[PDB]
>>> print(open('run-v5.csv').read())   # CSV, N, CA and C atoms
chain,number,residue,atom,x,y,z
A,1,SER,N,-73.4,-5.1,78.9
A,1,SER,CA,-73.6,-3.7,78.3
A,1,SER,C,-72.4,-3.4,77.4
A,2,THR,N,-72.5,-2.4,76.6
A,2,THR,CA,-71.4,-1.9,75.7
A,2,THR,C,-70.8,-0.6,76.2
A,3,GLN,N,-69.6,-0.6,76.5
A,3,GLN,CA,-68.8,0.6,76.9
A,3,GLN,C,-68.6,1.5,75.7
A,4,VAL,N,-68.8,2.8,75.8
A,4,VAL,CA,-68.4,3.8,74.9
A,4,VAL,C,-67.0,4.3,75.2
A,5,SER,N,-66.1,4.0,74.2
A,5,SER,CA,-64.6,4.1,74.4
A,5,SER,C,-64.0,4.9,73.3
A,6,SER,N,-63.1,5.8,73.7
A,6,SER,CA,-62.4,6.7,72.7
A,6,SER,C,-61.5,5.8,71.8
A,7,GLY,N,-61.6,6.1,70.5
A,7,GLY,CA,-60.9,5.3,69.5
A,7,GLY,C,-61.7,4.1,68.9
A,8,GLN,N,-62.8,3.8,69.4
A,8,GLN,CA,-63.6,2.7,69.0
A,8,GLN,C,-64.8,3.1,68.1
A,9,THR,N,-65.3,2.1,67.3
A,9,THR,CA,-66.3,2.4,66.3
A,9,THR,C,-67.6,1.7,66.6
A,10,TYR,N,-68.7,2.5,66.4
A,10,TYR,CA,-70.1,2.0,66.8
A,10,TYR,C,-71.1,2.3,65.7
A,11,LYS,N,-72.2,1.5,65.8
A,11,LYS,CA,-73.5,2.0,65.2
A,11,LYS,C,-74.4,2.7,66.3
A,12,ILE,N,-75.2,3.6,65.8
A,12,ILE,CA,-76.1,4.3,66.8
A,12,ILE,C,-77.5,4.1,66.4
A,13,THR,N,-78.3,3.3,67.2
A,13,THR,CA,-79.6,2.8,66.9
A,13,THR,C,-80.7,3.6,67.6
A,14,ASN,N,-81.7,4.1,66.9
A,14,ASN,CA,-82.8,4.8,67.5
A,14,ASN,C,-83.7,3.8,68.3
A,15,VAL,N,-84.0,4.1,69.6
A,15,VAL,CA,-84.7,3.1,70.5
A,15,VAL,C,-86.1,2.9,69.9
A,16,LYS,N,-86.8,3.9,69.5
A,16,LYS,CA,-88.1,3.8,69.0
A,16,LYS,C,-88.3,3.2,67.6
A,17,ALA,N,-87.4,3.6,66.7
A,17,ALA,CA,-87.6,3.1,65.3
A,17,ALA,C,-86.7,1.9,64.9
A,18,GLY,N,-85.6,1.7,65.6
A,18,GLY,CA,-84.8,0.6,65.3
A,18,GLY,C,-83.8,0.8,64.1
A,19,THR,N,-84.0,1.9,63.4
A,19,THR,CA,-83.1,2.4,62.4
A,19,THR,C,-81.8,3.0,63.0
A,20,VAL,N,-80.8,3.2,62.1
A,20,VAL,CA,-79.5,3.7,62.6
A,20,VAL,C,-79.1,5.1,62.0
A,21,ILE,N,-78.3,5.9,62.6
A,21,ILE,CA,-77.8,7.1,62.1
A,21,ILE,C,-76.9,6.8,60.9
A,22,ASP,N,-77.2,7.3,59.7
A,22,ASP,CA,-76.7,6.9,58.5
A,22,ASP,C,-76.3,8.1,57.7
A,23,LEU,N,-75.0,8.2,57.2
A,23,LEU,CA,-74.6,9.2,56.3
A,23,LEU,C,-75.1,8.9,54.9
A,24,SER,N,-76.0,9.7,54.4
A,24,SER,CA,-76.7,9.3,53.2
A,24,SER,C,-75.8,9.0,52.0
A,25,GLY,N,-76.0,7.9,51.3
A,25,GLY,CA,-75.2,7.5,50.2
A,25,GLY,C,-75.5,8.4,49.0
A,26,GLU,N,-76.6,9.1,49.0
A,26,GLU,CA,-77.0,10.0,47.9
A,26,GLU,C,-76.2,11.2,47.8
A,27,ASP,N,-75.8,11.8,48.9
A,27,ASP,CA,-75.1,13.1,48.9
A,27,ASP,C,-73.8,13.1,49.8
A,28,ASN,N,-73.6,12.0,50.5
A,28,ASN,CA,-72.5,12.0,51.5
A,28,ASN,C,-72.5,13.3,52.4
A,29,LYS,N,-73.7,13.8,52.6
A,29,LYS,CA,-73.8,15.0,53.5
A,29,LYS,C,-75.0,14.9,54.5
A,30,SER,N,-76.2,14.4,54.0
A,30,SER,CA,-77.4,14.4,54.9
A,30,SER,C,-77.3,13.2,55.9
A,31,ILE,N,-77.8,13.4,57.1
A,31,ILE,CA,-77.8,12.4,58.1
A,31,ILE,C,-79.3,11.9,58.3
A,32,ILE,N,-79.5,10.6,58.1
A,32,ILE,CA,-80.9,10.0,58.0
A,32,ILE,C,-80.9,8.8,58.9
A,33,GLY,N,-82.1,8.4,59.2
A,33,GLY,CA,-82.4,7.1,59.8
A,33,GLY,C,-82.6,6.0,58.8
A,34,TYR,N,-81.7,5.0,58.8
A,34,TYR,CA,-81.8,3.9,57.8
A,34,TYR,C,-81.6,2.5,58.4
A,35,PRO,N,-82.3,1.5,57.9
A,35,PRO,CA,-82.1,0.2,58.4
A,35,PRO,C,-80.6,-0.2,58.4
A,36,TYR,N,-80.1,-0.9,59.4
A,36,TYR,CA,-78.7,-1.2,59.5
A,36,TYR,C,-78.4,-2.4,58.5
A,37,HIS,N,-77.3,-2.2,57.7
A,37,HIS,CA,-76.8,-3.2,56.8
A,37,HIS,C,-75.3,-3.3,56.8
A,38,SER,N,-74.7,-2.9,57.9
A,38,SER,CA,-73.2,-3.0,58.1
A,38,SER,C,-72.5,-2.0,57.2
A,39,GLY,N,-73.1,-1.0,56.7
A,39,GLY,CA,-72.3,0.0,55.9
A,39,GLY,C,-71.3,0.8,56.7
A,40,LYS,N,-70.2,1.2,56.1
A,40,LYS,CA,-69.2,2.0,56.8
A,40,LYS,C,-69.8,3.4,57.0
A,41,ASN,N,-70.7,3.8,56.1
A,41,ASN,CA,-71.5,5.0,56.3
A,41,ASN,C,-72.5,4.9,57.4
A,42,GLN,N,-72.5,3.8,58.1
A,42,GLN,CA,-73.5,3.7,59.2
A,42,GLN,C,-72.7,3.4,60.5
A,43,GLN,N,-71.5,3.8,60.4
A,43,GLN,CA,-70.5,3.5,61.5
A,43,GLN,C,-69.7,4.7,61.9
A,44,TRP,N,-69.5,4.9,63.2
A,44,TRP,CA,-69.1,6.2,63.7
A,44,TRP,C,-68.0,6.0,64.8
A,45,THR,N,-66.8,6.6,64.5
A,45,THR,CA,-65.7,6.4,65.4
A,45,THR,C,-65.7,7.5,66.5
A,46,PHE,N,-65.8,7.1,67.8
A,46,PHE,CA,-65.9,8.0,68.9
A,46,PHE,C,-64.5,8.4,69.4
A,47,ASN,N,-64.2,9.7,69.5
A,47,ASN,CA,-63.0,10.2,70.2
A,47,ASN,C,-63.4,11.1,71.4
A,48,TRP,N,-62.8,10.9,72.5
A,48,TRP,CA,-62.9,11.8,73.7
A,48,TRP,C,-61.9,12.9,73.6
A,49,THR,N,-62.3,14.1,73.6
A,49,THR,CA,-61.3,15.2,73.4
A,49,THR,C,-60.7,15.6,74.7
A,50,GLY,N,-61.2,15.0,75.8
A,50,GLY,CA,-60.9,15.6,77.1
A,50,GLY,C,-62.1,16.2,77.8
A,51,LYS,N,-63.1,16.6,77.0
A,51,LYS,CA,-64.3,17.3,77.5
A,51,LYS,C,-65.6,17.0,76.8
A,52,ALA,N,-65.4,16.3,75.6
A,52,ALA,CA,-66.6,15.9,74.8
A,52,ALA,C,-66.2,14.9,73.8
A,53,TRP,N,-67.3,14.3,73.2
A,53,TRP,CA,-67.1,13.3,72.2
A,53,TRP,C,-67.2,13.9,70.8
A,54,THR,N,-66.4,13.5,69.9
A,54,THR,CA,-66.6,13.7,68.4
A,54,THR,C,-66.9,12.3,67.8
A,55,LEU,N,-67.7,12.4,66.7
A,55,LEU,CA,-68.2,11.2,66.0
A,55,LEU,C,-67.8,11.3,64.5
A,56,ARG,N,-66.9,10.5,64.1
A,56,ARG,CA,-66.3,10.5,62.7
A,56,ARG,C,-66.9,9.4,61.9
A,57,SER,N,-67.3,9.7,60.7
A,57,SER,CA,-67.8,8.7,59.7
A,57,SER,C,-66.7,7.8,59.3
A,58,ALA,N,-66.9,6.5,59.5
A,58,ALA,CA,-66.0,5.4,59.1
A,58,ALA,C,-65.8,5.3,57.7
A,59,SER,N,-66.7,5.8,56.9
A,59,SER,CA,-66.6,5.8,55.4
A,59,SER,C,-65.9,7.1,54.9
A,60,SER,N,-66.4,8.3,55.3
A,60,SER,CA,-65.9,9.5,54.6
A,60,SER,C,-64.9,10.3,55.4
A,61,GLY,N,-64.8,10.2,56.7
A,61,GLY,CA,-63.9,11.0,57.5
A,61,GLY,C,-64.4,12.4,57.9
A,62,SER,N,-65.6,12.7,57.5
A,62,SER,CA,-66.3,13.8,58.0
A,62,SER,C,-66.8,13.5,59.4
A,63,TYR,N,-67.1,14.6,60.1
A,63,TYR,CA,-67.7,14.4,61.5
A,63,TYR,C,-69.2,14.6,61.5
A,64,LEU,N,-69.9,14.1,62.5
A,64,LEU,CA,-71.3,14.4,62.7
A,64,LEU,C,-71.4,15.7,63.4
A,65,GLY,N,-72.1,16.6,62.7
A,65,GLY,CA,-72.3,18.0,63.2
A,65,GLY,C,-73.5,18.7,62.7
A,66,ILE,N,-73.6,20.0,62.9
A,66,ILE,CA,-74.7,20.8,62.4
A,66,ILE,C,-74.0,22.1,61.8
A,67,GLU,N,-74.8,22.8,61.0
A,67,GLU,CA,-74.4,24.1,60.6
A,67,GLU,C,-75.4,25.2,61.1
A,68,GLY,N,-74.9,26.3,61.6
A,68,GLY,CA,-75.8,27.3,62.1
A,68,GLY,C,-76.4,27.1,63.5
A,69,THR,N,-77.3,28.0,63.9
A,69,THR,CA,-77.7,28.1,65.3
A,69,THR,C,-78.7,26.9,65.7
A,70,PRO,N,-78.4,26.3,66.8
A,70,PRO,CA,-79.3,25.2,67.2
A,70,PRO,C,-80.8,25.6,67.4
A,71,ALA,N,-81.7,24.9,66.9
A,71,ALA,CA,-83.2,25.2,67.0
A,71,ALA,C,-83.9,23.9,66.7
A,72,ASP,N,-85.2,23.9,67.0
A,72,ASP,CA,-86.0,22.7,66.6
A,72,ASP,C,-86.0,22.5,65.1
A,73,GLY,N,-85.5,21.3,64.7
A,73,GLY,CA,-85.5,21.0,63.3
A,73,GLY,C,-84.2,21.3,62.6
A,74,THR,N,-83.2,21.8,63.3
A,74,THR,CA,-81.8,22.0,62.7
A,74,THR,C,-81.3,20.6,62.2
A,75,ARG,N,-80.9,20.6,60.9
A,75,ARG,CA,-80.5,19.3,60.3
A,75,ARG,C,-79.1,18.8,60.7
A,76,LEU,N,-78.9,17.6,61.1
A,76,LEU,CA,-77.6,17.0,61.3
A,76,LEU,C,-77.0,16.8,59.9
A,77,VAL,N,-75.7,17.2,59.7
A,77,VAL,CA,-75.0,17.0,58.5
A,77,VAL,C,-73.6,16.6,58.7
A,78,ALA,N,-72.9,16.0,57.7
A,78,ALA,CA,-71.4,15.8,57.7
A,78,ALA,C,-70.7,17.2,57.7
A,79,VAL,N,-69.8,17.3,58.6
A,79,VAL,CA,-68.9,18.5,58.6
A,79,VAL,C,-67.4,18.2,58.7
A,80,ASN,N,-66.6,19.2,58.2
A,80,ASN,CA,-65.2,19.0,58.1
A,80,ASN,C,-64.4,18.9,59.4
A,81,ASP,N,-64.7,19.8,60.3
A,81,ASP,CA,-64.0,19.9,61.6
A,81,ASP,C,-64.7,19.1,62.7
A,82,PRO,N,-63.9,18.6,63.6
A,82,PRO,CA,-64.6,17.8,64.7
A,82,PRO,C,-65.6,18.6,65.4
A,83,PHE,N,-66.8,18.0,65.7
A,83,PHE,CA,-67.9,18.7,66.4
A,83,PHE,C,-68.2,18.0,67.7
A,84,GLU,N,-68.2,18.8,68.8
A,84,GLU,CA,-68.3,18.2,70.1
A,84,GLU,C,-69.7,17.9,70.6
A,85,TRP,N,-69.9,16.7,71.1
A,85,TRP,CA,-71.2,16.3,71.7
A,85,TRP,C,-71.0,15.9,73.1
A,86,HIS,N,-72.1,16.1,73.9
A,86,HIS,CA,-72.1,15.4,75.2
A,86,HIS,C,-73.2,14.3,75.3
A,87,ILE,N,-72.9,13.2,75.9
A,87,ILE,CA,-73.9,12.1,76.1
A,87,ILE,C,-74.4,11.9,77.5
A,88,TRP,N,-75.7,11.7,77.7
A,88,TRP,CA,-76.2,11.5,79.0
A,88,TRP,C,-77.1,10.2,79.0
A,89,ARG,N,-76.9,9.3,80.0
A,89,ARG,CA,-77.9,8.2,80.0
A,89,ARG,C,-79.4,8.6,80.2
A,90,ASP,N,-80.2,7.9,79.5
A,90,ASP,CA,-81.6,8.1,79.5
A,90,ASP,C,-82.3,7.6,80.8
A,91,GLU,N,-83.4,8.3,81.2
A,91,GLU,CA,-84.2,7.8,82.3
A,91,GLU,C,-85.1,6.6,82.0
A,92,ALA,N,-85.8,6.6,80.8
A,92,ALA,CA,-86.7,5.5,80.5
A,92,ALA,C,-86.0,4.1,80.3
A,93,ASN,N,-84.9,4.2,79.5
A,93,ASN,CA,-84.1,3.0,79.3
A,93,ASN,C,-82.6,3.4,79.6
A,94,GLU,N,-82.1,3.0,80.7
A,94,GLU,CA,-80.8,3.5,81.2
A,94,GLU,C,-79.6,3.0,80.4
A,95,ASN,N,-79.8,2.0,79.5
A,95,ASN,CA,-78.7,1.6,78.7
A,95,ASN,C,-78.6,2.4,77.4
A,96,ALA,N,-79.7,3.2,77.2
A,96,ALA,CA,-79.7,4.2,76.1
A,96,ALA,C,-79.3,5.6,76.5
A,97,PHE,N,-79.0,6.5,75.5
A,97,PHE,CA,-78.4,7.8,75.6
A,97,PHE,C,-79.2,8.8,74.9
A,98,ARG,N,-79.1,10.0,75.5
A,98,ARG,CA,-79.5,11.3,74.8
A,98,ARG,C,-78.2,12.0,74.4
A,99,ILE,N,-78.2,12.6,73.2
A,99,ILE,CA,-77.0,13.1,72.7
A,99,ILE,C,-77.2,14.6,72.4
A,100,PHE,N,-76.4,15.5,73.1
A,100,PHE,CA,-76.7,16.9,73.2
A,100,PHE,C,-75.6,17.8,72.6
A,101,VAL,N,-76.1,18.9,72.0
A,101,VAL,CA,-75.1,20.0,71.7
A,101,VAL,C,-74.7,20.6,73.1
A,102,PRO,N,-73.4,20.7,73.4
A,102,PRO,CA,-73.0,21.2,74.7
A,102,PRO,C,-73.6,22.5,75.1
A,103,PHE,N,-74.0,22.6,76.4
A,103,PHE,CA,-74.5,23.9,77.0
A,103,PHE,C,-75.9,24.3,76.4
A,104,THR,N,-76.6,23.4,75.8
A,104,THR,CA,-78.0,23.6,75.3
A,104,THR,C,-79.0,22.5,75.8
A,105,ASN,N,-80.2,22.7,75.5
A,105,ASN,CA,-81.3,21.8,75.7
A,105,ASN,C,-81.7,21.0,74.4
A,106,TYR,N,-80.8,21.1,73.4
A,106,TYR,CA,-81.0,20.4,72.1
A,106,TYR,C,-80.3,19.1,72.0
A,107,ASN,N,-81.2,18.0,71.8
A,107,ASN,CA,-80.7,16.7,71.6
A,107,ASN,C,-81.1,16.1,70.2
A,108,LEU,N,-80.4,15.0,69.8
A,108,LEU,CA,-80.7,14.4,68.6
A,108,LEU,C,-82.1,13.8,68.6
A,109,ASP,N,-82.8,13.9,67.5
A,109,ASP,CA,-84.2,13.5,67.4
A,109,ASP,C,-84.4,12.9,66.0
A,110,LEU,N,-84.9,11.7,66.0
A,110,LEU,CA,-85.3,11.1,64.7
A,110,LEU,C,-86.7,11.7,64.3
A,111,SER,N,-86.8,12.4,63.2
A,111,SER,CA,-88.0,13.2,62.9
A,111,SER,C,-89.3,12.5,62.7
A,112,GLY,N,-90.4,13.3,62.7
A,112,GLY,CA,-91.8,12.7,62.7
A,112,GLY,C,-92.0,11.7,63.8
A,113,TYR,N,-91.5,12.1,65.0
A,113,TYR,CA,-91.7,11.2,66.2
A,113,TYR,C,-91.1,9.8,66.0
A,114,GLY,N,-90.0,9.7,65.3
A,114,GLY,CA,-89.3,8.4,65.1
A,114,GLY,C,-89.8,7.6,64.0
A,115,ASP,N,-90.2,8.2,62.9
A,115,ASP,CA,-90.6,7.5,61.6
A,115,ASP,C,-89.6,6.4,61.2
A,116,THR,N,-90.1,5.2,61.0
A,116,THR,CA,-89.3,4.1,60.6
A,116,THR,C,-89.0,4.1,59.1
A,117,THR,N,-89.5,5.0,58.3
A,117,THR,CA,-89.3,5.0,56.9
A,117,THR,C,-87.8,5.3,56.6
A,118,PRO,N,-87.2,4.5,55.8
A,118,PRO,CA,-85.8,4.8,55.5
A,118,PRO,C,-85.6,6.2,54.8
A,119,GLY,N,-84.7,6.9,55.3
A,119,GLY,CA,-84.5,8.3,54.8
A,119,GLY,C,-85.0,9.4,55.7
A,120,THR,N,-85.7,9.0,56.8
A,120,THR,CA,-86.2,10.0,57.7
A,120,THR,C,-85.0,10.9,58.3
A,121,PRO,N,-85.2,12.2,58.3
A,121,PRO,CA,-84.0,13.0,58.7
A,121,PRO,C,-83.8,13.0,60.2
A,122,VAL,N,-82.5,13.0,60.6
A,122,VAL,CA,-82.1,13.1,62.0
A,122,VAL,C,-81.8,14.6,62.2
A,123,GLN,N,-82.4,15.1,63.3
A,123,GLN,CA,-82.4,16.6,63.5
A,123,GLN,C,-82.1,16.9,65.0
A,124,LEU,N,-81.9,18.2,65.3
A,124,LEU,CA,-82.0,18.6,66.7
A,124,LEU,C,-83.4,19.0,67.1
A,125,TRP,N,-83.8,18.7,68.4
A,125,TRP,CA,-85.0,19.2,68.9
A,125,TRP,C,-84.9,19.4,70.4
A,126,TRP,N,-85.6,20.3,71.0
A,126,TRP,CA,-85.6,20.6,72.5
A,126,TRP,C,-86.0,19.2,73.2
A,127,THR,N,-85.3,18.9,74.3
A,127,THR,CA,-85.5,17.7,74.9
A,127,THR,C,-86.9,17.5,75.5
A,128,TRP,N,-87.5,16.3,75.3
A,128,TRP,CA,-88.7,15.9,75.9
A,128,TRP,C,-88.9,14.4,76.0
A,129,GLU,N,-90.0,13.9,76.4
A,129,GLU,CA,-90.1,12.4,76.8
A,129,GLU,C,-90.2,11.4,75.7
A,130,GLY,N,-90.2,11.8,74.4
A,130,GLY,CA,-90.3,10.8,73.3
A,130,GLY,C,-89.1,9.9,73.2
A,131,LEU,N,-89.4,8.6,73.0
A,131,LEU,CA,-88.4,7.6,72.9
A,131,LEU,C,-87.5,7.8,71.6
A,132,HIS,N,-88.1,8.5,70.6
A,132,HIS,CA,-87.4,8.8,69.4
A,132,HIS,C,-86.2,9.8,69.5
A,133,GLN,N,-86.0,10.3,70.7
A,133,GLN,CA,-84.9,11.1,71.1
A,133,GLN,C,-83.8,10.3,71.9
A,134,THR,N,-83.9,9.0,71.9
A,134,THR,CA,-83.0,8.2,72.7
A,134,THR,C,-82.4,7.1,71.8
A,135,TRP,N,-81.1,6.7,72.1
A,135,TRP,CA,-80.3,6.0,71.2
A,135,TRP,C,-79.4,5.0,71.9
A,136,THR,N,-79.2,3.8,71.3
A,136,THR,CA,-78.2,2.9,71.8
A,136,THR,C,-76.9,3.0,71.0
A,137,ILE,N,-75.8,2.8,71.7
A,137,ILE,CA,-74.5,2.9,71.0
A,137,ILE,C,-73.9,1.5,71.1
A,138,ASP,N,-74.0,0.8,69.9
A,138,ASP,CA,-73.8,-0.6,69.8
A,138,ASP,C,-72.5,-1.0,69.0
A,139,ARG,N,-72.0,-2.2,69.2
A,139,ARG,CA,-70.9,-2.7,68.4
A,139,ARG,C,-71.4,-2.9,67.0
A,140,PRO,N,-70.6,-2.6,65.9
A,140,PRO,CA,-71.0,-2.7,64.6
A,140,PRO,C,-71.3,-4.1,64.1
>>> encode(input="run-v5.csv", output="structure tokens")
Amino acid sequence: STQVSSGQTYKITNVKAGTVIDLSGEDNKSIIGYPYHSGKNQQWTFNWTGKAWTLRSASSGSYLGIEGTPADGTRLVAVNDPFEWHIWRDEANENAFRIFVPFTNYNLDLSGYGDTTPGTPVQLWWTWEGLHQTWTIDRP
């Protein structure tokens, strides 16, 4: 298995679609599912703050975050300040993870039930059984 460790850099793969969390090359702001090609924009440095994880883009230095109130369809975007996430192992595949905004029922969700089309938006959604809300955290 692969340990998630503070200071280390990973790709984050959707279990259903096989695409990765990608900071879009078009705007360096939007977060999308894209096939892995070893881009630094597809690589995320995990820090433990003492209570949560922050995820920093290896290419831009922005953090993985959101703007505004968590809801179904809230878009993931690059943000300036570190944004804190909690990770929980998944029940269907225990080597995979669900990734939550702390103190909520909102987890990362690859949109359209895990559409494999490159460019598909990564968003928040209320937690439920779809495999497109589960992720592996892999060596780059």
>>> residues_around(input="run-v5.csv", residues="residue 95 of chain A", least_positions_apart="5", cutoff="6.5 Å", atoms="all atoms listed in the file", output="list in words")
residues 89, 90, 135, 136 and 137 of chain A
>>> closest_atom_pairs(input="run-v5.csv", of="segment 39-80 of chain A", to="segment 13-35 of chain A", cutoff="7 Å", atoms="only C-alpha atoms", output="JSON lines")
{"residue": "A:41", "atom": "CA", "partner": "A:23", "partner_atom": "CA", "distance": 5.2}
{"residue": "A:42", "atom": "CA", "partner": "A:22", "partner_atom": "CA", "distance": 4.6}
{"residue": "A:76", "atom": "CA", "partner": "A:31", "partner_atom": "CA", "distance": 5.6}
{"residue": "A:77", "atom": "CA", "partner": "A:30", "partner_atom": "CA", "distance": 5.0}
{"residue": "A:78", "atom": "CA", "partner": "A:29", "partner_atom": "CA", "distance": 4.9}
>>> residues_around(input="run-v5.csv", residues="residue 74 of chain A", least_positions_apart="6", cutoff="6.5 Å", atoms="all atoms listed in the file", output="PyMOL selection string")
chain A and resi 122-125
>>> atom_distance(input="run-v5.csv", atom1="atom CA of residue 139 of chain A", atom2="atom CA of residue 53 of chain A")
16.9 Å
>>> closest_residue(input="run-v5.csv", among="A:2, A:107, A:120, A:69", to="residue 133 of chain A", atoms="only N, CA and C atoms")
A:107
>>> atom_distance(input="run-v5.csv", atom1="atom CA of residue 47 of chain A", atom2="atom CA of residue 109 of chain A")
21.6 Å
>>> closest_residue(input="run-v5.csv", among="A:39, A:114, A:96, A:82", to="residue 54 of chain A", atoms="all atoms listed in the file")
A:82
>>> closest_residue(input="run-v5.csv", among="A:140, A:44, A:3, A:87", to="residue 58 of chain A", atoms="all atoms listed in the file")
A:44
>>> atom_distance(input="run-v5.csv", atom1="atom N of residue 57 of chain A", atom2="atom CA of residue 45 of chain A")
6.0 Å
>>> select_by_dssp(input="run-v5.csv", residues="segment 23-124 of chain A", states="strand (DSSP E)", output="number ranges by chain")
A: 23, 31-34, 44-48, 53-57, 63-66, 76-79, 86-89, 97-100, 106-110, 120-124
>>> closest_residue(input="run-v5.csv", among="A:40, A:51, A:86, A:132", to="residue 111 of chain A", atoms="all atoms listed in the file")
A:132
